[PDB]
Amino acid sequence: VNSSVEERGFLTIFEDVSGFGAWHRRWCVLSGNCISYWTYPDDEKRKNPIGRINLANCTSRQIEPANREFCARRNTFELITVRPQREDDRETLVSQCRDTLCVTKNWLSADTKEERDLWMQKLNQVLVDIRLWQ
């Protein structure tokens, strides 16, 4: 009876740059069970996203700030996803394949703590929605 959760904002994402790791500012859309991202807002209306993160594959009960053993960047939340490995899966700085299972660690940094907290909240509500249904 209520609408599916949505969120839009810029987030800076840790991405494997064919060798090195680097943070890239992206336009992010939470809709259905995915964060889709583009470089800027306009492009959301003109092309397919650069990537998508599927919350239906999330490992955890809830989304939490990035693990400080590994991530030093402020305002960062962490989303780990897992699924059976495919032909397209490749080892990278954010994705490990072992035992035919691919785990991808997603780090997305907000411009402010308040936006980090907003995103974590919306994403937790998507998790609950994914778990409560037919």
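Position 1 is the first residue in the sequence shown; the rest follow in order.
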Report summary line: Going by the entry, of stretches 85-93 and 42-50 the one with greater average Cα B-factor is 85-93
Requested in this report: Return whichever of 67-75 and 103-111 has the greater mean Cα B factor according to the PDB record.
Outcome: 67-75
Requested in this report: Could you check 119, 20, 23, 10 and tell me which one carries the biggest Cα B-factor in the deposited entry?
Outcome: 20
Requested in this report: Going by the recorded CA B-factors, say which third of the chain residue 33 sits in, lowest, middle or highest.
Outcome: highest
